[PDB]
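J.: Just dropping this structure here.
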Amino acid sequence: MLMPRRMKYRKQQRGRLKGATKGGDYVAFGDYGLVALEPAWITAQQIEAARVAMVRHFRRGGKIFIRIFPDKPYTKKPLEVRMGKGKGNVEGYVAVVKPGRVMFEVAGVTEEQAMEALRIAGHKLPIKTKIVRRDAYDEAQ
Amino acid sequence: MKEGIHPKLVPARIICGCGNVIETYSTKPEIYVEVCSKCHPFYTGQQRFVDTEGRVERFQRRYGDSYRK
Amino acid sequence: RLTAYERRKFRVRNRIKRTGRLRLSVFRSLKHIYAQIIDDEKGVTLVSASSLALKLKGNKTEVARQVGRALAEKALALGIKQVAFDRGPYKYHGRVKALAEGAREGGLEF
Amino acid sequence: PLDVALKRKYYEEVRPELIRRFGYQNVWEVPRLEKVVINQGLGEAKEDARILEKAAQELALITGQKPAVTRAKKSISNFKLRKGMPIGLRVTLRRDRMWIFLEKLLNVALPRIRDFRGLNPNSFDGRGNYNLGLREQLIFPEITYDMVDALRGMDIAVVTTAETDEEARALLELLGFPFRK
Amino acid sequence: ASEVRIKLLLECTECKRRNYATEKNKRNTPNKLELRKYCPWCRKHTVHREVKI
Amino acid sequence: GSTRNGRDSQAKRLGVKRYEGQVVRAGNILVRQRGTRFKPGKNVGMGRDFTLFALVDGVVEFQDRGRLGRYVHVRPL
RNA sequence: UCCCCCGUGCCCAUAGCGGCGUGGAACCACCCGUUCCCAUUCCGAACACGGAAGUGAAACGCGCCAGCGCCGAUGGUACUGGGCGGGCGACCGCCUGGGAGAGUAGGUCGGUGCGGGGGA
RNA sequence: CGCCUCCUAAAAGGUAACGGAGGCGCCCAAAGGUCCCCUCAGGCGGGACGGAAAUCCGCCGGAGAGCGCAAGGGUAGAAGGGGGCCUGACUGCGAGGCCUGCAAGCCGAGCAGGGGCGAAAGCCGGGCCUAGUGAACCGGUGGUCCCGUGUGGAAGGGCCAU
RNA sequence: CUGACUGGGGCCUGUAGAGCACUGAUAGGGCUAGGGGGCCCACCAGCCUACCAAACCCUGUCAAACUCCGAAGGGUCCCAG
Ligand SMILES: [Mg+2]
Ligand SMILES: [Mg+2]
Ligand SMILES: [Mg+2]
Ligand SMILES: [Mg+2]
Ligand SMILES: [Mg+2]
Ligand SMILES: [Mg+2]
Ligand SMILES: [Mg+2]
Ligand SMILES: [Mg+2]
Ligand SMILES: [Mg+2]
Ligand SMILES: [Mg+2]
Ligand SMILES: [Mg+2]
Ligand SMILES: [Mg+2]
Ligand SMILES: [Mg+2]
Ligand SMILES: [Mg+2]
Ligand SMILES: [Mg+2]
Ligand SMILES: [Mg+2]
Ligand SMILES: [Mg+2]
Ligand SMILES: [Mg+2]
Ligand SMILES: [Mg+2]
Ligand SMILES: [Mg+2]
Ligand SMILES: [Mg+2]
Ligand SMILES: [Mg+2]
Ligand SMILES: [Mg+2]
Ligand SMILES: [Mg+2]
Ligand SMILES: [Mg+2]
Ligand SMILES: [Mg+2]
Ligand SMILES: [Mg+2]
Ligand SMILES: [Mg+2]
Ligand SMILES: [Mg+2]
Ligand SMILES: [Mg+2]
Ligand SMILES: [Mg+2]
Ligand SMILES: [Mg+2]
Ligand SMILES: [Mg+2]
Ligand SMILES: [Mg+2]
Ligand SMILES: [Mg+2]
Ligand SMILES: [Mg+2]
Ligand SMILES: [Mg+2]
Ligand SMILES: [Mg+2]
Ligand SMILES: [Mg+2]
Ligand SMILES: [Mg+2]
Ligand SMILES: [Mg+2]
Ligand SMILES: [Mg+2]
Ligand SMILES: [Mg+2]
Ligand SMILES: [Mg+2]
Ligand SMILES: [Mg+2]
Ligand SMILES: [Mg+2]
Ligand SMILES: [Mg+2]
Ligand SMILES: [Mg+2]
Ligand SMILES: [Mg+2]
Ligand SMILES: [Mg+2]
Ligand SMILES: [Mg+2]
Ligand SMILES: [Mg+2]
Ligand SMILES: [Mg+2]
Ligand SMILES: [Mg+2]
Ligand SMILES: [Mg+2]
Ligand SMILES: [Mg+2]
Ligand SMILES: [Mg+2]
Ligand SMILES: [Mg+2]
Ligand SMILES: [Mg+2]
Ligand SMILES: [Mg+2]
Ligand SMILES: [Mg+2]
Ligand SMILES: [Mg+2]
Ligand SMILES: [Mg+2]
Ligand SMILES: [Mg+2]
Ligand SMILES: [Mg+2]
Ligand SMILES: [Mg+2]
Ligand SMILES: [Mg+2]
Ligand SMILES: [Mg+2]
Ligand SMILES: [Mg+2]
Ligand SMILES: [Mg+2]
Ligand SMILES: [Mg+2]
Ligand SMILES: [Mg+2]
Ligand SMILES: [Mg+2]
Ligand SMILES: [Mg+2]
Ligand SMILES: [Mg+2]
Ligand SMILES: [Mg+2]
Ligand SMILES: [Mg+2]
Ligand SMILES: [Mg+2]
Ligand SMILES: [Mg+2]
Ligand SMILES: [Mg+2]
Ligand SMILES: [Mg+2]
Ligand SMILES: [Mg+2]
Ligand SMILES: [Mg+2]
Ligand SMILES: [Mg+2]
Ligand SMILES: [Mg+2]
Ligand SMILES: [Mg+2]
Ligand SMILES: [Mg+2]
Ligand SMILES: [Mg+2]
Ligand SMILES: [Mg+2]
Ligand SMILES: [Mg+2]
Ligand SMILES: [Mg+2]
Ligand SMILES: [Mg+2]
Ligand SMILES: [Mg+2]
Ligand SMILES: [Mg+2]
Ligand SMILES: [Mg+2]
Ligand SMILES: [Mg+2]
Ligand SMILES: [Mg+2]
Ligand SMILES: [Mg+2]
Ligand SMILES: [Zn+2]
Ligand SMILES: [Zn+2]
């Protein structure tokens with residue numbers, strides 16, 4: 001599942017989740033989209049569960065585009081140690097996601113299929129979601 | 001040129017094996033060489049030196065036509 | 001993408017301007033040799049001299065010297081004494097040296 | 001300047017034929033030889049016996065001009081190269097000397113090459129320059145068997161004011177460079 | 001400074017006084033330093049020599 | 001459990017010490033910097049560590065000459 | 001005071017790259033030579049001297065063209081000094097003042113100072 | 001556990017945590033001063049041994065290379081590369097500042113002495129820069145010839161340098 | 001009368017935001033060195049790949065120790081309340 005092949009730094013300070021998404025707000029490849037309604041660190045495992053469920057719905061067919069990527073390392077202190085003695089170990093990777101972002105798109109599939117896969121995928125993600133379909137507003141960006 | 005580091009060039013005759021003499025310049029006045037452009041096979045038309053063969057092989061054996069038909 | 005000539009020119013000129021003197025700049029063509037003394041504070045030429053303008057003769061070096069002398073004379077006439085020699089892209093030698101030496105005989109201070 | 005046969009041949013035979021062949025509108029547009037730069041990549045003298053004063057001598061006999069040394073721009077492991085090491089010679093022939101060199105290359109050296117079947121047609125730079133390599137220096141009339149400790153070749157760059165290969169082939173060919181195809 | 005990069009004094013060869021302290025590498029520069037320096041005593045430049053610190 | 005980190009150096013208090021329009025005396029330091037972020041201009045010296053300082057009494061002025069860099073001048077009084 | 005050129009600056013790419021055209025009377029260059037001054041880790045390529053047969057081919061100057069490069073609104077938004085609200089929170093909104101970056105329209109194949117030389 | 005560079009640090013300075021990452025405890029007689037000259041990495045094409053990469057030629061190539069070592073800033077209109085002469089890697093001082101609880105640390109025009117380079121303008125009081133360090137006490141060595149326990153010396157000390 | 005604070009004016013700055021030109025990360029596609037694999041062969045070259053995939057390009061992104069950009073503010077000096 002998704003993680004950087006290499007990085008300049010092993011650990012990142014946590015930062016903030018303020019604002020609407022910087023970019024990535026319009027459908028850009030496929031026909032239907034899953035857009036984030038609230039901010040979160042989406043984990044690599046959560047992403048992979050969304051993906052796997054979608055290919056599972058399609059059985060064979062369709063194309064899934066994953067548009068968010070987990071490059072933020074997530075740190076945790078070993079169980080039961082006290083505060084201090086330096087930063088915790090990287091235990092996983094997250095993709096920071098703000099409201100408005102198209103996290104996933106699908107193409108090559110019926111409408112009822114794109115809706116359903118995106119719904120099931122939604123249930124794997126720890127935030128609220130909206131399914132969208134490509135508009136002229138998308139195409140003009 | 002800088003003085004004292006360069007071999008002086010003077011008029012010089014290179015004498016080839018075809019009996020040609022070339023009036024040029026060298027660090028040596030007279031030179032004898034085994035070959036030159038004037039007599040060299042590649043240069044001289046297309047002097048086919050020792051093998052004017054026409055292959056000769058392979059159809060071209062012809063010893064002979066005496067096997068019957 | 002500059003050339004040795006453009007770099008060299010800069011490299012010497014920059015070092016001269018830094019001292020703040022009036023700049024005696026010398027241009028040397030294949031045939032002629034020109035000189036202007038420039039105030040870089042004002043971006044203004046104050047005094048000129050050329051072989052071209054003096055309709056001068058033959059041996060380039062001797063000519064140089066003459067324009068040097070000519071330069072100085074119009075120069076002291078204006079109150080100019082001190083100045084800094086801008087050999088530009090030119091080695092200080094030959095025609096330029098000659099130009100310099102003449103401006104020196106003429107009483108220009110450098 | 002020297003009257004040398006090849007120089008004359010250029011002005012007399014080659015200049016005109018060329019103008020005919022390409023219809024130049026200006027005398028300066030017709031192709032000239034600019035420089036012949038001879039190089040010895042060597043480096044068999046890296047540490048070993050950097051008495052390649054023997055080669056510098058040989059080269060200076062061939063050209064009538066003393067080569068200057070080339071030394072390594074960077075350190076190299078697998079070739080065993082400390083930076084600053086003397087690994088080659090280069091002599092830049094121009095004008096009269098360039099002509100004399102070529103005169104004898106064309107008349108005598110190339111002929112003496114083993115199994116010579118003509119210069120390479122495709123060694124053209126693509127901006128109208130030509131390059132060719134020799135394997136031995138016994139090719140030149142000035143270097144006899146008696147005088148050589150070891151076989152070493154060289155790189156020859158012939159530089160031309162022509163803009164295109166197509167023009168350069170012409171100049172060099174007309175001058176007498178023998179091409180295999 | 002190290003066992004090989006040593007400290008040393010320079011002495012007016014004319015007046016014998018040590019006037020400058022400095023350093024050198026004795027593997028790269030085994031010969032005793034000789035430098036022209038201003039001698040404040042002799043009041044002029046004087047060849048100065050490395051003398052043990 | 002421990003850190004291999006933990007260190008940092010003293011801050012160096014760098015930057016411009018006198019801004020345009022400010023009156024200065026000869027010797028006043030005008031800029032403290034690493035390398036040449038500002039270059040010495042008219043009536044301005046540069047110390048070995050790139051420190052810009054006033055050569056004469058006067059008023060400071062800054063100048064942005066595009067690709068030529070930025071300059072600190074002191075214009076006499 | 002206008003036009004061309006030669007120097008030398010300033011603005012610091014709206015000045016650049018590329019393509020095309022153009023100039024040699026003057027000037028500039030290439031050019032012709034390497035005795036002489038000077039010079040090549042080799043080379044009269046460079047630097048340098050002495051020249052004046054040729055050519056504007058190279059270079060340079062001057063024009064033109066928007067493929068690239070560079071510049072770039074207006075509108076709107078992000079964000080925000082200050083003042084208010086809301087949410088358990090992650091966070092979200094309102095008032096007043098300021099206001100980007102991206103992008104769009106569009107612009108650009110420079111402008112100008114001083115001094116020389118030539119022309120009207 | 002001291003020192004340097006970056007981030008955290010909220011666009012002046014400063015700013016903590018057993019917060020995130022690295023370095024120093026040297027070095028260079030040139031790797032220093034000055035005069036003069038030169039310009040990179042990399043890509044494509046061309047070239048004997050010769051290769052991804054040795055040296056050579058061509059065209060493109062503003063800096064992505066170099067700058068002894070970490071990092072950052074800086075930098076080809078050189079701080080990079082080559083050469084010639086050199087020792088300013090001065091002595092006596094030092095206007096005025098940076099920084100700052102103190103003590104320290106830092107930058108420094110200018111005058112004098114005697115020099116180096118340069119035709120000159122001028123530059124040179126080490127090194128592109130920021131780490132490469134240690135107060136006092138006690139003592140060593142060279143100098144000075146200042147004190148010398150009634151007096152002349154001497155012992156011993158002061159002073160300058162280390 | 002010099003103060004906090006305020007008005008005007010200059011200068012300094014690299015954060016918010018944003019961006020991707022640098023350093024790195026990045027999904028997909030295109031183009032295309034390099035391998036894996038399959039035809040065909042050891043005379044050394046060919047050919048085909050819905051395989052992994054460098055550089056480059058396009059679409060779309062990410063960053064305390066990235067910045068082609070870049071605010072609001074802040075600091076400082078001058079005049080004035
Ligand atoms: Mg935190
Ligand atoms: Mg979590
Ligand atoms: Mg955590
Ligand atoms: Mg902790
Ligand atoms: Mg942790
Ligand atoms: Mg996790
Ligand atoms: Mg987002
Ligand atoms: Mg859910
Ligand atoms: Mg966009
Ligand atoms: Mg070819
Ligand atoms: Mg050519
Ligand atoms: Mg022979
Ligand atoms: Mg000392
Ligand atoms: Mg530890
Ligand atoms: Mg830490
Ligand atoms: Mg501090
Ligand atoms: Mg601190
Ligand atoms: Mg710090
Ligand atoms: Mg500042
Ligand atoms: Mg200094
Ligand atoms: Mg320094
Ligand atoms: Mg201004
Ligand atoms: Mg001013
Ligand atoms: Mg002009
Ligand atoms: Mg002008
Ligand atoms: Mg002006
Ligand atoms: Mg024409
Ligand atoms: Mg043109
Ligand atoms: Mg003419
Ligand atoms: Mg004519
Ligand atoms: Mg002679
Ligand atoms: Mg004579
Ligand atoms: Mg010549
Ligand atoms: Mg002539
Ligand atoms: Mg032309
Ligand atoms: Mg020119
Ligand atoms: Mg814009
Ligand atoms: Mg607006
Ligand atoms: Mg508002
Ligand atoms: Mg607020
Ligand atoms: Mg507003
Ligand atoms: Mg902004
Ligand atoms: Mg804008
Ligand atoms: Mg137009
Ligand atoms: Mg343009
Ligand atoms: Mg005019
Ligand atoms: Mg310490
Ligand atoms: Mg800070
Ligand atoms: Mg900061
Ligand atoms: Mg700060
Ligand atoms: Mg702040
Ligand atoms: Mg302070
Ligand atoms: Mg600790
Ligand atoms: Mg450590
Ligand atoms: Mg040296
Ligand atoms: Mg140095
Ligand atoms: Mg030197
Ligand atoms: Mg190259
Ligand atoms: Mg190659
Ligand atoms: Mg080969
Ligand atoms: Mg090669
Ligand atoms: Mg670099
Ligand atoms: Mg290291
Ligand atoms: Mg001397
Ligand atoms: Mg003080
Ligand atoms: Mg203090
Ligand atoms: Mg002196
Ligand atoms: Mg003096
Ligand atoms: Mg002298
Ligand atoms: Mg001084
Ligand atoms: Mg150094
Ligand atoms: Mg240092
Ligand atoms: Mg110290
Ligand atoms: Mg004690
Ligand atoms: Mg004690
Ligand atoms: Mg004591
Ligand atoms: Mg007594
Ligand atoms: Mg006494
Ligand atoms: Mg007694
Ligand atoms: Mg007695
Ligand atoms: Mg006594
Ligand atoms: Mg006695
Ligand atoms: Mg005593
Ligand atoms: Mg004593
Ligand atoms: Mg003392
Ligand atoms: Mg008042
Ligand atoms: Mg006040
Ligand atoms: Mg106040
Ligand atoms: Mg105010
Ligand atoms: Mg941000
Ligand atoms: Mg990027
Ligand atoms: Mg883009
Ligand atoms: Mg962020
Ligand atoms: Mg930051
Ligand atoms: Mg940032
Ligand atoms: Mg303010
Ligand atoms: Mg203000
Ligand atoms: Mg008041
Ligand atoms: Zn023959
Ligand atoms: Zn003395």
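Going through the structure tokens in order, the chains are called A, B, and so on, while each chain numbers its residues from 1 and the ligands are numbered from 1 in the order shown.
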Can you pull out every residue within 8 Å of residue 152 (chain D), counting only C-alpha atoms (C1' of nucleotides), but drop anything in the same chain fewer than 3 positions away, and send it as a list in words?
T.: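 My list of contacting residues is residues 42, 135, 136 and 137 of chain D; 49 of chain H.
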J.: Which residues come within 10 Å of region 24-27 of chain G, counting only C-alpha atoms (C1' of nucleotides), excluding same-chain residues fewer than 2 positions away, as an MDAnalysis selection string?
T.: (chainID C and resid 29 52) or (chainID G and resid 4:6 55:56 117:119)
J.: Can you tell me how far atom 1 (Mg, counted along the ligand's line) of ligand 94 sits from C1' of residue 64 (chain H), in Å to one decimal?
T.: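 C1' of residue 64 (chain H) lies 23.0 Å from atom 1 (Mg, counted along the ligand's line) of ligand 94.
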J.: Step by step, measure atom-to-atom distances between ligand 39 and each residue using only C-alpha atoms (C1' of nucleotides) and all ligand atoms, keep those at most 12 Å, then write them as a ChimeraX atom specification.
T.: /G:77-83,93-99 /I:72
J.: Where does DSSP see helix (DSSP H, G or I) in region 6-143 of chain D, if you list the residues as a count of residues only?
T.: 49
J.: Within 12 Å of chain G, which residues of chain B are there when counting only C-alpha atoms (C1' of nucleotides)? Please give them as a list in words.
T.: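 In the required form, that comes to residues 1, 2, 3, 5 and 6 of chain B.
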J.: Got a sec to check which residues lie within 12 Å of ligand 53, using only C-alpha atoms (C1' of nucleotides) and all ligand atoms, and send them as number ranges by chain?
T.: A: 84-86; F: 1-7; H: 1, 17-19
J.: Using only C-alpha atoms (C1' of nucleotides), which protein or nucleic acid residues come within 6 Å of region 31-48 of chain F? Drop anything in the same chain fewer than 2 positions from it, and give the result as a count of residues only.
T.: 19
J.: So that I can check the secondary structure, give me every residue of chain F assigned strand (DSSP E or B) by backbone DSSP, as a ChimeraX atom specification.
T.: /F:15-16,23-24,29-32,38-40,44-46,52-54,58-64,70-76
J.: Name the residues in contact with residue 12 (chain B) at a cut-off of 8 Å, using only C-alpha atoms (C1' of nucleotides), excluding same-chain residues fewer than 4 positions from it; report them as a PyMOL selection string.
T.: chain B and resi 23-31
J.: Please produce an output containing N, CA and C atoms for each residue in the selection, written as an mmCIF file, in the first residue's frame.
T.:
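Output file result_27.cif is given in full below:
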data_model
loop_
_atom_site.group_PDB
_atom_site.id
_atom_site.type_symbol
_atom_site.label_atom_id
_atom_site.label_comp_id
_atom_site.auth_asym_id
_atom_site.auth_seq_id
_atom_site.Cartn_x
_atom_site.Cartn_y
_atom_site.Cartn_z
ATOM 1 N N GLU B 23 58.390 17.023 -52.904
ATOM 2 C CA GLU B 23 59.062 18.229 -52.387
ATOM 3 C C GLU B 23 58.239 18.938 -51.299
ATOM 4 N N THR B 24 58.497 18.600 -50.043
ATOM 5 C CA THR B 24 57.692 19.152 -48.966
ATOM 6 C C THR B 24 58.616 19.621 -47.851
ATOM 7 N N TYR B 25 58.112 19.626 -46.622
ATOM 8 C CA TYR B 25 58.860 20.144 -45.482
ATOM 9 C C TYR B 25 58.828 19.159 -44.315
ATOM 10 N N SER B 26 59.961 19.074 -43.629
ATOM 11 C CA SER B 26 60.128 18.140 -42.545
ATOM 12 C C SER B 26 61.157 18.644 -41.589
ATOM 13 N N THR B 27 61.281 17.903 -40.496
ATOM 14 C CA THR B 27 62.351 18.101 -39.542
ATOM 15 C C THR B 27 63.551 17.271 -39.998
ATOM 16 N N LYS B 28 63.412 16.594 -41.138
ATOM 17 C CA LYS B 28 64.493 15.794 -41.728
ATOM 18 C C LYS B 28 64.523 16.085 -43.225
ATOM 19 N N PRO B 29 65.702 16.434 -43.793
ATOM 20 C CA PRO B 29 65.822 16.849 -45.212
ATOM 21 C C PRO B 29 65.448 15.789 -46.277
ATOM 22 N N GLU B 30 65.847 14.527 -46.094
ATOM 23 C CA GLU B 30 65.581 13.484 -47.098
ATOM 24 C C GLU B 30 65.028 12.221 -46.453
ATOM 25 N N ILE B 31 63.925 11.710 -46.992
ATOM 26 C CA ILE B 31 63.296 10.532 -46.418
ATOM 27 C C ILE B 31 63.015 9.487 -47.479
#
J.: Could you pull the residues within 6 Å of residue 98 (chain D), counting only C-alpha atoms (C1' of nucleotides), minus those fewer than 4 positions along the same chain, as a PyMOL selection string?
T.: chain D and resi 36+93-94
J.: Now that the selection is made, can you save its residues with N, CA, C and O atoms as a compact mmCIF listing (two decimals), in the first residue's frame?
T.:
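Final file, again34.txt:
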# COMPACT_ATOMS: atom_id res chain seq x y z
N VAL D 36 44.18 21.97 -37.56
CA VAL D 36 44.28 20.54 -37.33
C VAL D 36 44.87 20.31 -35.95
O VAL D 36 46.02 20.67 -35.68
N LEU D 93 47.89 22.49 -34.70
CA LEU D 93 48.46 23.01 -35.95
C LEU D 93 47.52 24.01 -36.65
O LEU D 93 46.31 23.77 -36.78
N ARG D 94 48.09 25.13 -37.06
CA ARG D 94 47.37 26.14 -37.82
C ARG D 94 48.23 26.50 -39.04
O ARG D 94 49.37 26.04 -39.16
J.: Which residues form the shell of 8 Å around ligand 97 when you count only C-alpha atoms (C1' of nucleotides) and all ligand atoms, given as a list in words?
T.: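 Counting only what the definition allows, namely only C-alpha atoms (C1' of nucleotides) and all ligand atoms, the set is residues 9, 10 and 76 of chain I.
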J.: Mind writing the picked residues with N, CA and C atoms (P, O5', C5', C4', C3', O3' and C1' of nucleotides) as a PDB file, in the first residue's frame?
T.:
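The resulting file, out24.pdb, is reproduced below:
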ATOM      1  P     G I   9       1.731  57.408   3.586  1.00  0.00           P
ATOM      2  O5'   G I   9       3.297  57.711   3.460  1.00  0.00           O
ATOM      3  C5'   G I   9       3.783  58.859   2.791  1.00  0.00           C
ATOM      4  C4'   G I   9       5.248  59.054   3.017  1.00  0.00           C
ATOM      5  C3'   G I   9       6.112  57.825   2.837  1.00  0.00           C
ATOM      6  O3'   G I   9       6.362  57.475   1.499  1.00  0.00           O
ATOM      7  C1'   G I   9       6.711  58.878   4.840  1.00  0.00           C
ATOM      8  P     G I  10       6.332  55.920   1.104  1.00  0.00           P
ATOM      9  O5'   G I  10       7.807  55.412   1.416  1.00  0.00           O
ATOM     10  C5'   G I  10       8.885  55.967   0.715  1.00  0.00           C
ATOM     11  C4'   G I  10      10.186  55.861   1.450  1.00  0.00           C
ATOM     12  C3'   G I  10      10.822  54.511   1.684  1.00  0.00           C
ATOM     13  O3'   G I  10      11.430  54.007   0.515  1.00  0.00           O
ATOM     14  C1'   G I  10      11.042  55.825   3.607  1.00  0.00           C
ATOM     15  P     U I  76      11.100  48.949  17.210  1.00  0.00           P
ATOM     16  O5'   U I  76      12.042  49.691  16.172  1.00  0.00           O
ATOM     17  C5'   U I  76      13.416  49.408  16.037  1.00  0.00           C
ATOM     18  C4'   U I  76      14.003  50.164  14.874  1.00  0.00           C
ATOM     19  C3'   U I  76      13.762  51.661  14.850  1.00  0.00           C
ATOM     20  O3'   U I  76      14.627  52.331  15.741  1.00  0.00           O
ATOM     21  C1'   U I  76      13.345  50.758  12.694  1.00  0.00           C
TER      22        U I  76
END
J.: Select the residues contacting ligand 71 at a distance of at most 9 Å, based on only C-alpha atoms (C1' of nucleotides) and all ligand atoms, then format the selection as a PyMOL selection string.
T.: chain H and resi 28+31+67-68+127-128
J.: Using only C-alpha atoms (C1' of nucleotides) and all ligand atoms, find each protein or nucleic acid residue lying at most 12 Å from ligand 62; present the set as a VMD selection string.
T.: chain H and resid 40 to 41 63 to 67 74 to 76 80
J.: I want to know what sits within 10 Å of residue 15 (chain E), based on only C-alpha atoms (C1' of nucleotides), with residues of the same chain fewer than 4 positions away left out; could you give that as a list in words?
T.: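 Contacts, in chain order: residues 11, 39, 40, 41, 42, 46 and 48 of chain E.
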J.: Filtering to C-alpha atoms, could you give me those residues as a CSV table (one decimal), in the first residue's frame?
T.:
chain,number,residue,atom,x,y,z
E,11,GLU,CA,63.5,35.6,15.3
E,39,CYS,CA,61.7,43.9,13.4
E,40,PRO,CA,60.3,46.4,15.9
E,41,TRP,CA,63.8,46.6,17.5
E,42,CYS,CA,65.9,46.9,14.4
E,46,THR,CA,64.9,41.6,8.5
E,48,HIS,CA,63.4,36.1,10.4
J.: Please identify the residues whose atoms come within 12 Å of ligand 98, using only C-alpha atoms (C1' of nucleotides) and all ligand atoms, and report them as JSON, numbers by chain.
T.: {"I": [1, 2, 3, 6, 7, 78, 79, 80, 81]}
J.: Can you pull out every residue with an atom within 10 Å of ligand 63? Use only C-alpha atoms (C1' of nucleotides) and all ligand atoms and format it as a list in words.
T.: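 Those residues are residues 23, 68, 69 and 70 of chain H.
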J.: Would you put the residues from that selection into a file with C-alpha atoms (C1' of nucleotides), as a PDB file, in the first residue's frame?
T.:
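And here is the file that came out, again04.pdb:
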ATOM      1  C1'   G H  23      28.837  18.958  11.894  1.00  0.00           C
ATOM      2  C1'   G H  68      39.878  21.724   1.767  1.00  0.00           C
ATOM      3  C1'   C H  69      35.653  19.605   5.728  1.00  0.00           C
ATOM      4  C1'   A H  70      28.675  20.162   8.138  1.00  0.00           C
TER       5        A H  70
END
J.: Within 12 Å of ligand 64 (counting only C-alpha atoms (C1' of nucleotides) and all ligand atoms), which residues show up? I'd like them as a PyMOL selection string.
T.: (chain E and resi 36) or (chain H and resi 84-87+115-117)
J.: Mind dumping a table of every chain A residue within 12 Å of chain G, with the nearest atom pair and its distance in Å to one decimal, using only C-alpha atoms (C1' of nucleotides), sorted by chain and rising number, as CSV?
T.:
residue,atom,partner,partner_atom,distance
A:16,CA,G:90,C1',9.4
A:17,CA,G:90,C1',7.4
A:18,CA,G:91,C1',7.0
A:19,CA,G:91,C1',8.8
A:20,CA,G:78,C1',9.5
A:21,CA,G:78,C1',10.6
A:22,CA,G:78,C1',8.9
A:23,CA,G:102,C1',10.3
A:38,CA,G:90,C1',8.7
A:39,CA,G:90,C1',7.2
A:40,CA,G:90,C1',7.7
A:41,CA,G:90,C1',10.4
A:97,CA,G:90,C1',12.0
A:98,CA,G:90,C1',10.8
A:99,CA,G:91,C1',11.0
A:127,CA,G:90,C1',10.8
A:140,CA,G:103,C1',11.5
A:141,CA,G:103,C1',9.3
